[PDB]
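This report refers to the structure that appears directly beneath it.
FYI, it's all coordinate maths here, none of it is from the lab. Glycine gets a Cβ as well: all are built from the backbone with ideal geometry, and neighbour counts include every protein chain shown.
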Amino acid sequence: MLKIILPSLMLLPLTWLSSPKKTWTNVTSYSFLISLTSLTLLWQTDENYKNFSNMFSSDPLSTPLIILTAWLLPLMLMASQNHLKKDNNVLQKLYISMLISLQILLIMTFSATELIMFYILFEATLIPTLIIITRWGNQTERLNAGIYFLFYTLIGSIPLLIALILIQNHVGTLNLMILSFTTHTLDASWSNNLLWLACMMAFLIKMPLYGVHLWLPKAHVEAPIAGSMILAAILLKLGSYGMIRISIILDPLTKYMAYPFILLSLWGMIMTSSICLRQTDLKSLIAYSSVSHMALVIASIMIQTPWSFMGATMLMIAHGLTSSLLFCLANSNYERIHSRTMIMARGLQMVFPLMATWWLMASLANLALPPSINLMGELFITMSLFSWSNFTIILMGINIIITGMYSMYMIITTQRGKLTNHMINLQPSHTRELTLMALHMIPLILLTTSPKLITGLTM
Amino acid sequence: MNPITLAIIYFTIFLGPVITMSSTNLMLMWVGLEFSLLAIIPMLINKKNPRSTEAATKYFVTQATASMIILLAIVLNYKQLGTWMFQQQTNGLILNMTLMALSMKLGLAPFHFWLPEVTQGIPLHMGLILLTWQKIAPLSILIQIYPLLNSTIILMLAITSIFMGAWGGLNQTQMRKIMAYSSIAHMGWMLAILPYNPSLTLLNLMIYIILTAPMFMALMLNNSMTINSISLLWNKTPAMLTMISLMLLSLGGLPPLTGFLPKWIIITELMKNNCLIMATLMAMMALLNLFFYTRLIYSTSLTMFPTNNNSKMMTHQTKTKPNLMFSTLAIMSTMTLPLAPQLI
Amino acid sequence: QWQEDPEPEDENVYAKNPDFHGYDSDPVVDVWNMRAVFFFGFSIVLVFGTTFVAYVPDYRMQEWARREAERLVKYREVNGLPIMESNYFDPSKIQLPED
Amino acid sequence: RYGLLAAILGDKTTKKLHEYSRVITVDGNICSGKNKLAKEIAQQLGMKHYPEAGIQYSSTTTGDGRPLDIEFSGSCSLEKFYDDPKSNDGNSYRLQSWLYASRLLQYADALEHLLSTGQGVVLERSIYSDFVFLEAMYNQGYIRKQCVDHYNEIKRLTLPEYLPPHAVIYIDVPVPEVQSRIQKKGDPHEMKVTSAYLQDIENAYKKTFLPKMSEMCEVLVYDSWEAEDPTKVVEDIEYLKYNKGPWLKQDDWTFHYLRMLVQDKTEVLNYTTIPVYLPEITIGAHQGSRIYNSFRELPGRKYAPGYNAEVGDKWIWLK
Amino acid sequence: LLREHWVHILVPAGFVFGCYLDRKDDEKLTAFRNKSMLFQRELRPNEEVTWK
Amino acid sequence: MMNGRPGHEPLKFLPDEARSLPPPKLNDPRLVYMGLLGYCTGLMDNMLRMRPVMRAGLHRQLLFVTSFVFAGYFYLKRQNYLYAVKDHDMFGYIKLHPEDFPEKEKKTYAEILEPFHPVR
Amino acid sequence: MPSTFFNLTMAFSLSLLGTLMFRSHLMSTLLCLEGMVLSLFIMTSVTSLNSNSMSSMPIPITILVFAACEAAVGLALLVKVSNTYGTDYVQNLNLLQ
Amino acid sequence: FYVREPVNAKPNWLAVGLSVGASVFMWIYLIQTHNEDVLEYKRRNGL
Amino acid sequence: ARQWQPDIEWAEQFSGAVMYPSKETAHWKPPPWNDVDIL
Ligand SMILES: CCCCCCCCCCCCCCCCCC(=O)OC[C@H](COP(=O)(O)OCCN)OC(=O)CCCCCCCCCCCCCCCCC
Ligand SMILES: Nc1ncnc2c1ncn2[C@@H]1O[C@H](COP(=O)(O)OP(=O)(O)O)[C@@H](O)[C@H]1O
């Protein structure tokens, strides 16, 4: 997998060497094709994993993501052509390159055989992200948000560093292939009960768990649209990908060491879903929607039943695409409105007829409408959770009712009701804004036709 | 300085560490340490400002008593073994003295009070020498005697330094002292692995030298001893803003950059030796060091602090360039990580 | 008070360039930055990509297994063998602990 | 370049000094006729004459030498100084701070010519004689107390390093007289100068400037009539003994370091940009960034001297 | 081909280099070339490599 | 560590014994990296000194890309030796002290009984 | 020497306790500092003499030669201090806080 | 052009020739070392 | 609307000889820029 990567690196030379006026089209047009080369990995004609080479591999779980990581770079660069079009021609070429490095790094992290290669690349992605959030962040508080995003991930990260070096000494190689075909069975000691927490905690932090998710609402609030898309679509899912590949070892402990997180997540799912119900900042509501719909995932990567896992793989890819779509349209309202407040800007369909159709489809993806991969995902996690304990439906049942309420409230108070009297007149929709959306949903429609590709390792 | 004097001093400041390293007769190692003490004091008071005399008088007393303690260890050994050099048989207290003493000259842990203060009153230039070409000498003496020193003490001085360095740095706003504090911290990691794998001490030093030397020549390019002063870097010289950003995050352990390797292999070696207690606590507060590094990042790069009109005047004039060393030592430092296996 | 610019206004790019596509202010760059984005975006990724992904053959062997079952079910049923015997790794291979 | 290497091998200032290798700064009031005198003094003794350092003494010295746009040169107007005293934006303090930076550049350029060529330098008003304008401005409502402290801090930080004026020729046409001169002159603004300002300036010269530099450097005050006759003064300058003055201890090995300072303009005014945030001085990040992107994009400025092709530089691919 | 038609060849070239670098890895990991159990066959006539 | 080994060359860079090892291919990815590492140093310098970034010092750019690379071949040549000594040393010991490194026997998975923790 | 090398050693520790606890005048430290060099010189000379190790007598003196200059530097700093503060008192040395 | 003629107006032609010439000596020694090296390696071992 | 660049007040905190000023520590004042004192 060096075509999904080397051609990517070369994007950096192109963003720099290219003309200031033509820099945007060379980069966006080329990475669209970079995504097309990424699609070749999907050609798996047998169940064996495609080990491209010693360090680089792609199995069913990584492949559905590498393609998404390559896909969003085009979109990210199309959603940030407006803001970042007021810059000095060298601030742009920095932002474009920053976005380019994220998927170079993220493509490799999702396509990495050695778990510590994951760690080095895993924690590197913070550098590009923190720059995108802090350097271009509009609000006074991004310095703070950046600190929260760096420390919560970093304090979790050093325990994983110690744990992975620890298993290398215990087993003798951090190669995901071998670690899988070798006998690593923890022994339920008090210490192992700590190892397990060391490995999972760093992944559980960037996958916002109810206890440590305050970093994500603060980060996406002041982050520029491209950073918020990256955090929701690819960055948070880095934590999920890690939990799937790391729990191959630590096989016995999670049977009983998971209860704490599972309950934290399911109760967390309800409270995070509910506070979405009365949050005035739209970007705030989407972020907590992201916490709740990701709290379902940590509760399926821990129950560990075949269906959970691919419920997880289905939902992660699906929610990634949906969340960005929501964060992308939130930005289009923010740029014309100039405020994140949900109460202002009422009645837009009256003035932006189509964006409202995109808003409606994004919300229906947000809630579980049935001919969507989003629902298949939740339906499956719901099933397994029920298997874990029939009572789980109650808590995963209060979340579904709340999820319907906030998803439609975003449509009802932003895209319906009487028009706002006279905010700065709202200029019509650009074709870029609409495509950036179409590019998010057309793939959501196509993937829903053949869900098999994003089903995970389990199935 | 009459250029002749400059030569004699500089030769001594350079013959000082070199005799230490080359000789085996400890005595000759002691005088190497003594010559470094004598040579550095003249340069320290070059401005001869009231702050400077204070700096040198502290540096000298701290250095002198430690030098006398190191000599006492050699004198005691001479009577416990006729040899003029530490051996397997050496009384444990004899070696511990040498650790404390040498940990004072290097300024590690509970003896970390002199360094921040002398780093504050000396010029940026002599600051570098006082931080990096004066650590080579004592460390050489320790690295030579590693097989014999105590694993317990070193670790305590190691952990303490890491903490003191980190905590001290958080509050400081003067750059010279932020660096002094970082050096205390890095010096700590170095002395942590000495008992186990000296060869890694020599990596955690070089990388520190290849990181700090560019960082200081950056601070002085604009001669800013204040963060507020380095924050207006964007107006005075915009290009160094990019690398100053990466070098400081490299000084802390963040993974893509070269700075991770020293911490990573030291942690790998300590876990190989089973200190998974000690290594864990060190790595954790090591993360505190990055917080103050990033706070500076914020002021200098990620956010643009307001500047002064008189600055437009300094832009007009051609900026005297930064030596080539900056580049070669900025890149070899910010990104060599892809070449780690051969470094270790 | 200190010196600094007054907040700049945001231009109605739709006032000039009434055909603004949202990519860049001068018109030709805009046209050529959508003529290449709709094309490389939709025309040869959503179309050629979906064509190729649709034609990936027997992805993860699930087109092979619906036949192998059919000949195994064909073979097992006609020869009278149990369709899915109840132990997979044969008991004979397994040396169980004798305790 | 000039460095220890050059100094080690000859290139010693002492060897290049002479009867007329001196610094003579002639200071007077708003209009003391001091330019004329300075010009002549310099000529008669064969010394370089440095024009008074204005808001633009830096763009002329740097690059094309062509007058920069006002905002590029720090947005200072002496013109606005006069028509709008005690202005809300403080153009008067910004004018004074830029003026101090300009003479700092001029004095340093003068010292570089003195130690290299060996020729002397007449600099008219100097960093040493700038405080009188600020003293009068604070005595008036022009500047507030802190503003004064900020200038004093910059003065204390940078002025001591440079060696003092050898002698400080002085003219003393009184305030009533100067007011007359200004009015006769056509400058619409200069003429709105408050008489008090003139007086306060005069006072700070006599009450402070002449006594204070008198013990450290020779002082030659002349009245209007005396100055009209430079020759007269040239005589005095020649009979000067330059006996006292910190200049006596400047051995070659000491001059070298001073030379290497003035040789580096970026340092001469290093402390002129100290991060003390008084409101008038602050450019402000958004405005400052724009002024920079715009000053740095001017032809021949986007790259170091010798490397920008716009003005016709060549050989860049091998430099 | 350098009137801005050379910046367009940068990425296309990266693909080529990648493909080359990639097929190189195949050459290295060629033990068990055909020595695997599930896929071990006698080289059919006129074939010196089962998979290249 | 590896110092104190018999025959150690007290101050030599790479003992001739390292002649036996294969020479580093000049295009070894690593040496090529050092090259790029170098080009960047050059470009960076131009930038910090405010010169046209790529079109200047085309002589220096070469000195850099060619100094770093030169350094590489001769460094890697050594680091490669050091690692090679490590095996000579390591493998030898495994034998000279065989008992301490016995070849234990691993039973087929049939014999071994690994406890089955149901997921349920 | 068995107990004659304990007096000298404790002399060095009593001199150690001295240099480490300052009080007013800096000279008293420097002076104390020197008390150690004498104790080290005496102990080195003593053992060299009863080990008949003549090859080592060079050291007892090298110790003094280096210690003398060391002290020369120390006193020049001291003179520098009571030229800047009119006293050698250490309290004055508290600007670097 | 420049009031103060840039010191870099015309190239330091020595700095070119010791910068260019030095690098071409590096290669010719480096490439020589490799082939020479390969040989010894090949013959030192059987081949 | 432009990214909030830091104003003078945000800058102010970083002045002072100690970032997080203590009870008695705050009483201190920043070191002289010239590295030379008035006493
Ligand atoms: C890949 C990993 C994840 C990557 C995410 C980002 C990728 C972006 C770049 C690549 C985008 C395209 C490639 C990825 C998606 C591929 C989808 C696809 O290939 O569709 C296959 C489909 C033919 O179906 P087939 O594959 O044969 O199904 C198996 C039956 N045994 O082919 C078709 O027939 C296409 C038909 C198009 C029209 C569909 C009309 C029906 C739509 C029903 C919508 C129902 C309501 C949806 C509600 C959503 C929420 C509101
Ligand atoms: N620091 C200062 N502050 C305000 N005004 C100044 C300052 N320095 C010089 N000027 C003004 O510059 C003008 C020209 O100076 P001068 O040479 O005395 O006048 P002229 O050129 O007519 O002889 C004077 O009118 C004076 O007010």
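Quick look at the values:
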quantity: Any hit, segment D:228-251, residues being outside any helix (DSSP H, G or I), surrounded by 18 or more Cβ atoms within 10 Å (Cβ to Cβ) and touching a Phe, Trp or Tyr at 6+ places or on another chain (Cβ under 7 Å); calculated: no
quantity: Residue within segment F:92-112 that is in contact with a helix residue (DSSP H, G or I) (Cβ under 8 Å, 6 or more places away or on another chain), surrounded by 14 or more Cβ atoms within 10 Å (Cβ to Cβ) and more than 10 Å from chain H (Cβ to nearest Cβ) present; calculated: no
quantity: Positions within segment G:47-95 being surrounded by 15 or more Cβ atoms within 10 Å (Cβ to Cβ) and more than 9 Å from every other protein chain (Cβ to nearest Cβ), in sequence order; calculated: G:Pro60, G:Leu64, G:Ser82, G:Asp88, G:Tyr89
quantity: Residue selected from segment D:78-136 under the condition small (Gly, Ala, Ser), within 25 Å of D:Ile41 (Cβ to Cβ) and crowded, with 21+ Cβ neighbours inside 10 Å, by the criterion farthest from ligand 2 (Cβ to nearest atom); calculated: D:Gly120
quantity: When residues of segment A:348-376 are limited to those that are part of a helix (DSSP H, G or I) and closer than 11 Å to A:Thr448 by Cβ, the one farthest from ligand 2 (Cβ to nearest atom); calculated: A:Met376
quantity: Pair list, Cβ < 6 Å and 6+ apart or interchain, from segment D:89-107 residues that are within 11 Å of chain B (Cβ to nearest Cβ) and more than 12 Å from D:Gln56 (Cβ to Cβ) to residues that are of a type in the set (D, E, K, R) and within 12 Å of ligand 2 (Cβ to nearest atom); calculated: D:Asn91/D:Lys80; D:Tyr100/D:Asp130
quantity: Residue under evaluation A:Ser363, criteria (1) farther than 28 Å from A:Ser387 by Cβ; (2) away from ligand 1 (no atom under 16 Å from the Cβ); (3) in contact with a helix residue (DSSP H, G or I) (Cβ under 7 Å, 6 or more places away or on another chain); (4) among the polar types (S, T, N, Q), criterion not met; calculated: (2)
quantity: Test: residue in segment A:320-331 that is within 14 Å of chain I (Cβ to nearest Cβ), in contact with a helix residue (DSSP H, G or I) (Cβ under 9 Å, 6 or more places away or on another chain) and not aliphatic (A, V, I, L, M); calculated: yes
quantity: Qualifying position, being under 24 Å from D:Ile291 (Cβ atoms) and not in a loop (DSSP other than H, G, I, E, B), among D:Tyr128, D:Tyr57, D:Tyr100, D:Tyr82; calculated: D:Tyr100
quantity: Residue match in segment A:181-194 (condition: farther than 30 Å from A:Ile100 by Cα, in a loop (DSSP other than H, G, I, E, B) and touching a strand residue (DSSP E or B) at 6+ places or on another chain (Cβ under 9 Å)); calculated: no
quantity: Residue identified as more than 14 Å from ligand 1 (Cβ to nearest atom) and either more than 14 Å from chain C (Cβ to nearest Cβ) or touching a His at 6+ places or on another chain (Cβ under 6 Å) (or both) among A:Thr413, A:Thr458, A:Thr357; calculated: A:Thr413
quantity: Selected residue [of a type outside the set (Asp, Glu) and in contact with a strand residue (DSSP E or B) (Cβ under 9 Å, 6 or more places away or on another chain)] from D:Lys241, D:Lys265, D:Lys302, D:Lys249; calculated: D:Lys241
quantity: Residues located in segment B:287-334, provided they are within 26 Å of D:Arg94 (Cα to Cα) and either more than 7 Å from every other protein chain (Cβ to nearest Cβ) or in a helix (DSSP H, G or I) (or both); calculated: B:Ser299, B:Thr300, B:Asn309, B:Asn310, B:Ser311, B:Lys312, B:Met313, B:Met314, B:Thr315, B:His316
quantity: Members of segment A:189-212 found to be surrounded by fewer than 16 Cβ atoms within 10 Å (Cβ to Cβ) and polar (S, T, N, Q), listed by number; calculated: A:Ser189, A:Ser191, A:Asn193
quantity: Odd one out for F:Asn80, checked against (1) within 11 Å of chain H (Cβ to nearest Cβ); (2) surrounded by fewer than 20 Cβ atoms within 10 Å (Cβ to Cβ); (3) in contact (Cβ under 8 Å) with a residue 24 or more places away in the chain; (4) within 26 Å of E:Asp25 (Cβ to Cβ); calculated: (1)
quantity: Count of segment D:179-213 residues which are of a type in the set (A, V, I, L, M, F, W, C), closer than 21 Å to D:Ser77 by Cβ, within 12 Å of ligand 2 (Cβ to nearest atom) and part of a helix (DSSP H, G or I); calculated: 4
quantity: Spans of helices (runs of 4 or more DSSP H) in segment A:1-87 with at least 1 residues more than 16 Å from ligand 2 (Cβ to nearest atom) and in contact with a strand residue (DSSP E or B) (Cβ under 6 Å, 6 or more places away or on another chain); calculated: none
quantity: Flag for F:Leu48 being more than 14 Å from chain H (Cβ to nearest Cβ) and surrounded by fewer than 20 Cβ atoms within 10 Å (Cβ to Cβ); calculated: no
quantity: Some residue of segment C:41-61 being β-branched (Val, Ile, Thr), away from ligand 1 (no atom under 13 Å from the Cβ), within 30 Å of A:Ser38 (Cα to Cα) and out of contact with any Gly (no Cβ under 7 Å at 6 or more places or on another chain); calculated: no
quantity: Only one of F:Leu62, F:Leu36 that is part of a helix (DSSP H, G or I), under 31 Å from the mean Cα position of the chain (by Cα), within 11 Å of chain B (Cβ to nearest Cβ) and not small (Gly, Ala, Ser); calculated: F:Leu36
quantity: Condition check for G:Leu33: at the interface with chain B (Cβ under 9 Å from one of its Cβ atoms), within 24 Å of B:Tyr59 (Cα to Cα) and part of a helix (DSSP H, G or I); calculated: yes
quantity: Residue identified as free of Cβ contacts under 8 Å to residues at least 60 places away in the same chain and within 11 Å of the chain's Cα centre (by Cα) among G:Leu20, G:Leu33; calculated: G:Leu33
quantity: Enumeration of residues in segment D:137-173 that are outside any helix (DSSP H, G or I), within 15 Å of ligand 2 (Cβ to nearest atom) and free of Cβ contacts under 8 Å to residues at least 60 places away in the same chain; calculated: D:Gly141, D:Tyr142, D:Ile143
quantity: Candidates H:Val38, H:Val3, H:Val20, filtered to the one that is at the interface with chain D (Cβ under 8 Å from one of its Cβ atoms) and either surrounded by 11 or more Cβ atoms within 10 Å (Cβ to Cβ) or of a type in the set (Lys, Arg) (or both); calculated: H:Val3
quantity: Among the residues listed as B:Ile193, B:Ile184, B:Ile265, the single one being more than 9 Å from every other protein chain (Cβ to nearest Cβ) and surrounded by fewer than 24 Cβ atoms within 10 Å (Cβ to Cβ); calculated: B:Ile265
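So that you can scan it fast, the table gives a plain yes or no per residue for (1) more than 7 Å from every other protein chain (Cβ to nearest Cβ); (2) buried (at least 24 other Cβ atoms within 10 Å of the Cβ):
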{"position": "A:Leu12", "(1), (2)": "yes, no"}
{"position": "A:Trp43", "(1), (2)": "no, no"}
{"position": "A:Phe56", "(1), (2)": "yes, no"}
{"position": "A:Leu65", "(1), (2)": "yes, yes"}
{"position": "A:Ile96", "(1), (2)": "yes, yes"}
{"position": "A:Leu99", "(1), (2)": "yes, yes"}
